[PDB]
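K.L.:
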Amino acid sequence: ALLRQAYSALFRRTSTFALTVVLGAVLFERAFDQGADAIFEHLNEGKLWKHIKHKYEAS
Amino acid sequence: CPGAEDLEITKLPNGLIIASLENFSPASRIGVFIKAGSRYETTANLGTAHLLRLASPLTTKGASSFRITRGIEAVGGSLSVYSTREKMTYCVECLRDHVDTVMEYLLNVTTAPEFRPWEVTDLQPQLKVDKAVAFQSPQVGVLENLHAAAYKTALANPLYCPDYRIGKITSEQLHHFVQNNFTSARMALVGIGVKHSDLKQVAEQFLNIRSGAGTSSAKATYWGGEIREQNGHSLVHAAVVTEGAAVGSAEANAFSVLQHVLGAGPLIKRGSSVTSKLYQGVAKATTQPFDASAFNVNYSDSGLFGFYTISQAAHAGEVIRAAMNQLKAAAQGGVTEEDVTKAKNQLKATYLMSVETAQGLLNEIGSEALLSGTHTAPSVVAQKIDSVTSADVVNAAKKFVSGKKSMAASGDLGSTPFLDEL
Amino acid sequence: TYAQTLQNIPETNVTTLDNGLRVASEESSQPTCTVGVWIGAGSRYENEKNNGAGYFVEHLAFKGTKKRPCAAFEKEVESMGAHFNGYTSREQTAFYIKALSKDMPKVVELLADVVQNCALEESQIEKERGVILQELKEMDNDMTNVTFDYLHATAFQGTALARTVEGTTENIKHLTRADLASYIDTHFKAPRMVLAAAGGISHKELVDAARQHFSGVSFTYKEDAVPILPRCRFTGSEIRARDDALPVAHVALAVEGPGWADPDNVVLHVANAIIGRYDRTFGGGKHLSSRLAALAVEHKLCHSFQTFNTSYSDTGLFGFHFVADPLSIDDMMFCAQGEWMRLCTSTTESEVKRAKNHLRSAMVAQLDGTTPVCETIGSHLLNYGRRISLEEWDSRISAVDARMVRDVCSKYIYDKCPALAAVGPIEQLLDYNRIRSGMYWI
Amino acid sequence: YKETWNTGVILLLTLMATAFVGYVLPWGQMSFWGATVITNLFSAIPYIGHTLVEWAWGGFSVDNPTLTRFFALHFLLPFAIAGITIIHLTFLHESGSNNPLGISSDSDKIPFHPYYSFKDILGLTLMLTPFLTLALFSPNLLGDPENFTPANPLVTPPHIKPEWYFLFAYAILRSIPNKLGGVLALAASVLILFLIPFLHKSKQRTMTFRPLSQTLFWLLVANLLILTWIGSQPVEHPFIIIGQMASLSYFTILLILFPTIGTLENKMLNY
Amino acid sequence: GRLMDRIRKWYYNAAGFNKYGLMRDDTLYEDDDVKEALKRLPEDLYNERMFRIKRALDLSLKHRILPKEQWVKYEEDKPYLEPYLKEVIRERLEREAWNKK
Amino acid sequence: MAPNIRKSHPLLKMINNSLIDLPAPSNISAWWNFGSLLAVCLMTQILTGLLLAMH
Amino acid sequence: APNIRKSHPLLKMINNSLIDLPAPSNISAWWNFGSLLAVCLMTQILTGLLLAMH
Amino acid sequence: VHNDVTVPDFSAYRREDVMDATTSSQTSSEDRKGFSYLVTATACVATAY
Ligand code: HEM
Ligand code: HEM
Ligand code: HEM
Ligand code: HEM
Ligand SMILES: CO/N=C(/C(=O)OC)c1ccccc1COc1cc(C)c(I)cc1C
Ligand SMILES: [Zn+2]
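Protein chains in written order, with PDB author numbering: chain H, 4 to 62; chain D, 18 to 439; chain L, 3 to 444; chain P, 110 to 380; chain U, 10 to 110; chain V, 1 to 55; chain R, 2 to 55; chain X, 1 to 49.
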């Protein structure tokens with residue numbers, strides 16, 4: 004029963020609520036970007052310098 | 018394990034009384050009964066008693082308006098004032114352990130008030146209101162005017178400070194009133210839930226300012242007036258009475274009984290009083306709803322007695338008359354030897370049931386322990402009650418028909434009869 | 003001394019009659035006394051077509067019986083100095099009499115007669131119809147109630163509890179000798195009743211008289227079956243009856259209660275003790291201890307307010323009700339919901355100690371006389387099953403502490419959708435939403 | 110008048126910052142160097158500062174990136190001052206003006222117009238005069254000359270010293286040898302104001318009837334004059350010692366004397 | 010050991026609010042307490058306190074004072090409010106400590 | 001609502017009740033002028049400030 | 002005042018203009034442009050400076 | 001009179017759970033809220049980002 008459990012430990016006090024948003028957002032960012040960047044790059048396979056870099060890199 | 022204790026009742030040199038009685042109830046209830054009221058008020062200091070009644074919570078030489086309330090609340094305590102034109106009682110309820118604690122204040126409140134000028138003025142306006150809620154019941158509207166149009170002094174005064182004197186009472190008036198009337202001889206420290214020994218130690222070593230009989234109440238003279246408050250109400254309360262008997266008097270029980278014989282107060286929720294003749298007789302004359310009863314007052318040096326109605330504006334007339342005749346018919350051997358027998362119990366009962374509530378029982382113990390210094394046992398008030406003859410009654414009913422009557426009404430009187438038309 | 007006076011209070015005797023009915027009493031050294039039948043019946047046990055029977059009945063319970071009609075019945079009772087009274091609420095009807103311990107038995111007879119062989123002379127009904135019909139139009143002007151009713155009607159809406167104990171205006175107009183019978187018929191039955199008495203009476207003597215008039219035996223097992231009621235759904239909502247021509251305004255706010263059984267009801271009360279009550283005539287005024295009170299003075303917030311913990315068999319309403327001028331409603335409410343909050347958050351040990359000593363006195367108070375004792379007993383048994391002594395109650399109270407309160411109030415108050423009843427010139431109370439939010443943080 | 114006061118303080122703070130930027134605009138030697146000296150203090154804060162600075166400059170030293178942003182800032186702040194000033198006057202109108210005696214004026218108040226509107230305008234002229242008088246006959250009497258020399262990051266002026274109204278502070282900054290400490294002293298040297306209210310002990314309000322406080326007050330005023338002067342001087346004896354003292358006494362007065370002489374004062378009235 | 014009195018009297022003339030015809034307690038800053046006490050003052054004493062101030066202000070606005078013969082004198086200054094005050098402070102100090110309990 | 005036109009105007013009611021009908025002690029001295037001065041001062045700097053900024 | 006947003010000469014302006022403000026119950030989306038317009042300004046000014054700084 | 005008034009039927013608008021006038025809303029309470037409070041909570045993290 005997540006919704007229950009949630010409403011109890013999380014969304015109950017306005018304190019733990021806030022505390023969640025914070026931490027929660029943290030995770031969201033950390034993993035929203037990855038997905039977004041990944042998605043974006045995929046839609047541009049081999050066009051970005053991230054790809055065609057191997058052709059001139061070597062000391 | 019406790020049981021059946023006995024009522025002790027001492028009296029010190031100063032003439033103070035201590036009516037005790039341990040009934041092992043988990044709650045004590047101490048109280049200061051006093052001979053004060055709108056009776057000892059002069060035209061120049063009217064209402065000063067009323068105000069004094071609310072002034073209870075004000076600071077004292079001992080406790081602060083604050084500690085008084087907070088201190089008492091702190092123990093789920095309580096305290097309040099109760100007064101008639103001639104009797105004032107300051108009592109406080111509480112759990113047994115919190116007696117002496119609830120006492121500090123009681124003692125202070127009634128014997129050592131500081132009546133601070135400001136505190137007083139920052140209180141005056143309360144009467145403006147206290148008297149507003151009260152007069153929400155016309156029942157108290159005619160009762161004020163009754164006594165007025167019945168007397169000329171003392172008892173003729175109002176129980177609620179007239180408007181004009183609102184806010185014009187002084188700190189000095191309070192004091193003088195107290196210094197003059199709250200004096201040992203007029204005071205009795207009654208109280209249930211406690212051992213007489215304690216309620217005693219307190220009273221003596223603690224109570225001052227007393228020693229005396231203070232001012233004398235102007236003997237109550239009879240007028241025989243008639244006051245009418247036309248005010249356009251669907252209802253018309255009206256009470257017509259005559260000088261009844263006085264407290265302690267012999268000729269008392271007569272009315273008390275003539276009262277029941279006539280019918281005063283019901284015992285059947287939403288019913289009729291077949292036992293009550295007045296009610297009954299009234300019903301045979303009027304059509305629409307109403308209520309009529311036996312009004313009986315027993316004061317120190319006088320009393321009042323008669324009926325009291327309530328009725329649709331147009332039926333006021335017939336309802337009052339009907340009441341009258343049904344008082345004459347009773348004033349002339351229209352009282353069965355049986356009627357008496359019944360009413361003699363309805364009274365014994367009523368009395369007996371009143372002493373269940375510590376608020377009723379404390380009272381009883383006090384009253385006597387003040388206007389006598391004796392507690393007339395239960396079987397004595399029984400021997401003294403039924404010791405009434407069918408005569409004592411009928412004659413009690415006559416004293417009314419012949420004596421000077423004084424009416425008092427408040428409603429749309431356009432149909433309500435004048436005192437002279439009876 | 004307290005600690006002891008609580009034990010000396012004579013245990014209450016209880017013995018059930020082999021026919022379903024029960025008998026209880028507390029014997030004291032008193033000449034006068036009181037007894038009555040506390041029927042576990044009510045408006046809840048009613049329905050759409052009958053709504054109002056239990057009251058219409060309550061009305062005809064004294065206009066005679068088959069054995070002795072109006073005149074004689076009334077005559078018989080008045081003539082002995084007894085007082086026959088009674089009421090009838092959503093989940094509890096009761097008819098009791100006050101008289102000399104002497105009449106102890108003879109009394110029971112009367113009670114017994116009324117419940118069972120009630121007259122119901124159809125000629126008296128058409129007379130009692132116009133009566134109730136007035137009692138409505140008159141009760142229809144006691145806002146304090148008009149409110150509570152409306153409060154119930156939304157608090158429960160679509161459930162038995164959302165019904166007036168006086169019933170509809172239609173029902174009163176068309177109820178019949180029939181249905182009236184039916185109610186008594188189906189409802190006034192032995193097991194669902196408690197003969198209670200307290201005064202100068204010995205359980206023995208009493209119990210017998212009952213065995214004598216309360217003889218109606220049950221054959222099957224169904225007549226032994228106590229019908230369990232279909233529960234009522236609480237609904238966080240509001241109903242606003244606006245009339246700017248009303249002098250003042252009334253407001254009732256509440257949350258679903260726990261029901262008679264649940265112990266926390268005690269705590270909940272200790273709580274209510276802290277927020278207490280007030281009317282413009284309290285003398286403590288600005289020095290009172292109830293923060294809500296004081297403020298109500300320091301700002302002229304209201305006229306009166308009260309905390310209430312109505313408890314029903316399976317539910318209840320917890321809240322408060324205040325009366326006030328059209329322009330202070332808001333501030334007032336605000337402060338109130340506020341206090342409520344503090345309860346769940348920063349209630350102190352001083353607030354509780356005080357609340358406990360108040361409650362104690364309040365409980366003791368309910369038992370001041372005979373009438374008030376049988377009421378309790380008529381109730382205690384019927385509701386709680388056993389009968390709780392001041393010694394028990396008390397201990398149950400001495401056990402409460404701040405920490406305990408914050409937890410229980412939090413449980414039934416914090417972030418809950420409440421029921422609102424507004425009546426009169428309420429243009430300032432407005433928005434449930436807001437009112438809702440006032441249910442958390444403070 | 111707590112609020113009216115605190116808004117005041119802020120207003121001052123804003124005014125101070127405001128000038129500070131406006132000074133850099135003409136980009137003269139002093140313009141430049143005053144920037145550098147001050148902004149460079151921030152680097153005394155631990156960790157979170159060595160950055161705050163390079164952020165504030167928009168580079169690694171006071172340069173164009175800075176000038177430009179300062180100009181923007183100088184355009185802005187005045188308005189922000191006007192804004193707050195509104196709030197200032199509001200918190201005031203919540204109580205009304207305090208009067209020299211320090212006792213209820215309700216017993217006798219007059220309408221701002223024409224009484225004070227008239228007084229006000231006269232007051233204006235009685236000031237505007239020297240303001241114009243100096244600005245029309247001795248323009249640069251106040252302003253240092255090094256600011257007539259186009260800023261040059263390569264060469265530092267003989268003496269770097271601000272405009273008189275920042276002198277007192279400069280002097281306190283330079284009294285403490287330890288960038289961080291001096292910074293704090295500077296801050297608190299002005300921030301202290303916020304405390305003032307909580308440092309009132311007299312049973313009376315105005316010093317009108319409190320001789321003792323008065324001189325302590327004038328001792329303080331003169332104490333600022335000195336600090337000012339000490340600020341227009343280099344870092345050589347005696348100056349330095351005189352410097353530390355003055356500052357030392359500045360705080361001491363507002364922190365200990367004033368509140369103490371206040372209490373002591375009260376007891377002499379026998380309160 | 011009249012040291013004290015000598016001082017108090019000095020300072021009294023030092024502050025010189027008498028010059029304005031004020032009383033020590035007139036000059037009192039009206040904090041919440043004082044605010045209260047003043048309300049308690051008996052009509053007369055209050056009405057007098059008033060004029061004194063209104064008079065004093067009128068002086069200060071005028072930039073004048075009372076003629077030396079009218080100034081108040083250390084021993085003739087009536088501390089009309091102190092008592093009313095102390096009590097207020099006593100009353101409050103009580104309440105305050107009782108709400109901690 | 002009102003007779004004159006500077007108490008019933010949501011604007012003149014702010015140019016009035018703040019600078020004309022404003023209740024002022026009768027004894028404030030010269031040390032109270034700095035208020036308005038400070039203001040007027042601002043009113044000016046800003047103006048000369050722009051005028052410069054325009055060049 | 003009891004609460005602290007009606008007796009505060011500031012919160013009494015952040016309240017009686019954005020929280021306790023009496024609003025019709027039926028205004029539509031064509032009423033949102035008010036605040037938007039505002040917010041709009043709040044932004045331009047901000048981005049406006051940020052640019053002006055370069 | 002006021003006895004003649006009853007709160008209308010909100011059938012159409014009630015939530016699937018608190019729809020049966022014989023079921024304790026107090027059980028489904030935490031759920032009903034935990035949801036919206038999640039929407040909200042979420043919307044905050046959305047903004048925050
Ligand atoms: C931003 C510039 C400011 C302006 C334009 C300003 C303006 C005013 C005005 C118009 C008044 C009313 C008349 C008077 O001067 O007495 C006033 C009063 C006042 N201001 Fe300022 N002020 C400013 C700065 C400050 C500062 C920095 C302080 C001090 C921290 C302050 C403290 C006060 C106080 C305490 C009053 C009360 C006056 C009284 O005692 O009656 N103000 N101000
Ligand atoms: C808060 C009020 C103001 C103060 C206290 C102030 C102060 C100053 C100062 C300290 C200088 C250095 C002057 C010098 O070279 O000697 C200055 C210059 C300047 N100010 Fe202001 N200023 C104010 C308002 C303004 C405003 C509102 C603007 C325009 C939005 C402005 C624009 C400028 C410009 C263009 C200069 C640079 C050129 C010059 O020095 O003349 N100022 N200001
Ligand atoms: C400077 C930009 C403006 C801002 C930020 C602004 C803002 C607002 C706001 C916040 C409202 C209240 C809510 C609503 O939109 O209804 C409002 C109302 C109103 N504004 Fe503007 N406004 C602006 C320009 C204008 C313009 C140019 C007009 C047209 C000449 C105008 C006419 C009105 C009117 C007539 C209302 C009344 C709305 C109603 O009927 O309730 N506003 N405005
Ligand atoms: C009333 C709100 C504002 C409006 C309507 C506005 C509009 C514009 C417009 C029309 C442009 C030309 C943009 C382009 O090149 O396409 C612009 C540019 C600019 N604005 Fe604003 N502006 C506003 C506020 C501000 C503010 C408050 C500042 C700073 C005080 C500012 C500073 C600038 C700067 C630096 C430019 C020139 C460089 C650029 O085009 O990016 N603006 N603004
Ligand atoms: C950019 O430098 N501007 C200066 C100036 O006096 O502008 C008016 C200036 C010139 C030379 C040395 C120091 C400064 C700034 O000094 C300041 C600036 C502020 C704010 C404060 I508080 C306190 C001091 C000591
Ligand atoms: Zn130089």
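No residue lacks a Cβ here, since even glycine has one placed at the ideal position from N, Cα and C.
(1) Which runs of the beta strand (DSSP E), 3 residues or longer, sit entirely within the stretch 62 to 112 of chain L?
(2) Is residue 39 of chain V near ligand 1, going by C-beta to nearest heavy atom under 7 angstroms?
(3) List, in order along the chain, the chain U residues whose C-beta lies closer than 7 angstroms to that of residue 368 of chain P?
(4) Do the stretch 40 to 58 of chain D and the stretch 205 to 222 of chain D make contact, defined as three or more Cβ pairs closer than 8 angstroms?
(5) Taking only the alpha-carbon atoms, compute the straight-line gap between residue 8 of chain H and residue 29 of chain H and give it to the nearest angstrom.
(6) Any heavy atom of ligand 8 closer than 7 angstroms to the CB of residue 52 of chain R?
(7) To the nearest angstrom, how far is it from the Cα of residue 281 of chain P to the Cα of residue 294 of chain P?
(8) Taking 8 angstroms as the CB-CB limit, is residue 228 of chain P close to chain U?
(9) Three or more beta-carbon pairs under 8 angstroms between the stretch 21 to 37 of chain L and the stretch 196 to 204 of chain L, yes or no?
(10) Under the rule that 16 or more other beta-carbon atoms within 10 Å means buried, what is residue 20 of chain R, buried or exposed?
(11) Alpha carbon to alpha carbon, how far is residue 356 of chain L from residue 344 of chain L? Give it in angstroms, no decimals.
(12) Contact between the stretch 366 to 373 of chain D and the stretch 192 to 208 of chain D: three or more CB pairs below 8 angstroms?
(13) In chain U, which residues lie with their C-beta within 9 angstroms of the C-beta of residue 134 of chain D?
(14) For residue 24 of chain L, name the three-state secondary structure that DSSP assigns.
(15) Among all the DSSP beta bridges, which residues are the ones paired with residue 111 of chain D?
(16) I need the straight-line Cα distance from residue 189 of chain L to residue 43 of chain L, nearest angstrom please.
(17) Could you check whether the Cβ of residue 275 of chain P sits closer than 7 angstroms to any heavy atom belonging to ligand 5?
(18) Measure from the alpha carbon of residue 375 of chain L to the alpha carbon of each residue in L:127, L:202, L:84, then state which is nearest.
(19) Would a check of beta-carbon distances place residue 107 of chain U closer than 8 angstroms to chain D?
(20) Any chance the CB of residue 255 of chain P is under 7 angstroms from a heavy atom of ligand 6?
(21) What did DSSP end up calling residue 145 of chain L once you bin it into helix, strand or coil?
(22) Work out the CA separation of residue 407 of chain D and residue 364 of chain L for me, nearest whole Å.
(23) Can you pull the DSSP bridge partners for residue 199 of chain L?
(24) Compare the C-beta of residue 4 of chain X with all C-beta atoms of chain L and state if any pair is closer than 8 angstroms.
(25) Please confirm if the stretch 323 to 336 of chain P is in contact with the stretch 20 to 28 of chain U, defined as three or more CB-CB distances below 8 angstroms between the two stretches.
(26) If you follow the beta strand (DSSP E) that residue 301 of chain P is part of, which residue opens it and which one closes it?
P.N.:
According to the data block:
(1) 85 to 91, 94 to 102
(2) On the sixth sequence, position 39 is the one that residue 39 of chain V refers to. Residue 39 of chain V Cβ: within cutoff of ligand 1.
(3) For this step, residue 368 of chain P is matched to residue 259 along the fourth sequence. Correct list: empty, because the minimum Cβ distance to chain U is about 15 angstroms.
(4) yes
(5) Translated into positions along the first sequence, residue 8 of chain H becomes position 5. Translated into positions along the first sequence, residue 29 of chain H becomes position 26. Rounded to the nearest angstrom, the two C-alpha atoms are 21 angstroms apart.
(6) Absence of ligand 8 from the depicted structure is noted, with ligand 1, ligand 2, ligand 3, ligand 4, ligand 5 and ligand 6 being the only ligands included.
(7) Taking the fourth sequence and counting its residues from 1, the one referred to as residue 281 of chain P is at position 172. Taking the fourth sequence and counting its residues from 1, the one referred to as residue 294 of chain P is at position 185. Between residue 281 of chain P and residue 294 of chain P, the C-alpha separation is close to 7 angstroms.
(8) Sequence index remark: in the fourth sequence, residue 228 of chain P carries index 119 (1-based). Chain U contact via Cβ: absent.
(9) yes
(10) In the seventh sequence, counting from the first residue as 1, residue 20 of chain R sits at position 19. Per the 10 Å Cβ criterion, exposed.
(11) The residue labelled residue 344 of chain L in the question sits at position 342 within the third sequence. The residue labelled residue 356 of chain L in the question sits at position 354 within the third sequence. The alpha-carbon atoms of residue 344 of chain L and residue 356 of chain L are separated by roughly 16 angstroms.
(12) no
(13) Numbered from 1 along the second sequence, position 117 holds the residue referred to as residue 134 of chain D. Here the neighbours are 49, 51.
(14) Within the third sequence, residue 24 of chain L is the residue found at index 22, counting from 1. In this structure, residue 24 of chain L counts as strand in the three-state DSSP scheme.
(15) Within the second sequence, numbered from 1, the residue matching residue 111 of chain D stands at position 94. According to DSSP, residue 111 of chain D bridges with D:45.
(16) Here residue 189 of chain L refers to the residue found at position 187 of the third sequence. Here residue 43 of chain L refers to the residue found at position 41 of the third sequence. In a straight line, the C-alpha of residue 189 of chain L is about 6 angstroms away from that of residue 43 of chain L.
(17) Taking the fourth sequence and counting its residues from 1, the one referred to as residue 275 of chain P is at position 166. Answer for residue 275 of chain P: yes, Cβ within range of ligand 5.
(18) One-based indexing of the third sequence puts residue 375 of chain L at position 373. Ranking the options by Cα distance to residue 375 of chain L, first place goes to L:202.
(19) As a position in the fifth sequence, residue 107 of chain U is number 98, starting the count at 1. Cβ-Cβ to chain D under 8 angstroms: yes for residue 107 of chain U.
(20) Here residue 255 of chain P refers to the residue found at position 146 of the fourth sequence. Because some heavy atom of ligand 6 lies under 7 angstroms away, the Cβ of residue 255 of chain P counts as near it: yes.
(21) The sequence position of residue 145 of chain L within the third sequence is 143, counting from 1. In this structure, residue 145 of chain L counts as helix in the three-state DSSP scheme.
(22) Taking the third sequence and counting its residues from 1, the one referred to as residue 364 of chain L is at position 362. Taking the second sequence and counting its residues from 1, the one referred to as residue 407 of chain D is at position 390. Taking the straight line from one Cα to the other gives about 46 angstroms.
(23) Numbered from 1 along the third sequence, position 197 holds the residue referred to as residue 199 of chain L. According to DSSP, which records beta bridges pairwise, residue 199 of chain L is partnered with L:27, L:37.
(24) Taking the eighth sequence and counting its residues from 1, one reaches residue 4 of chain X at position 4. At least one chain L Cβ lies under 8 angstroms of residue 4 of chain X.
(25) no
(26) The sequence position of residue 301 of chain P within the fourth sequence is 192, counting from 1. Element bounds for residue 301 of chain P: n/a, residue is neither H nor E.
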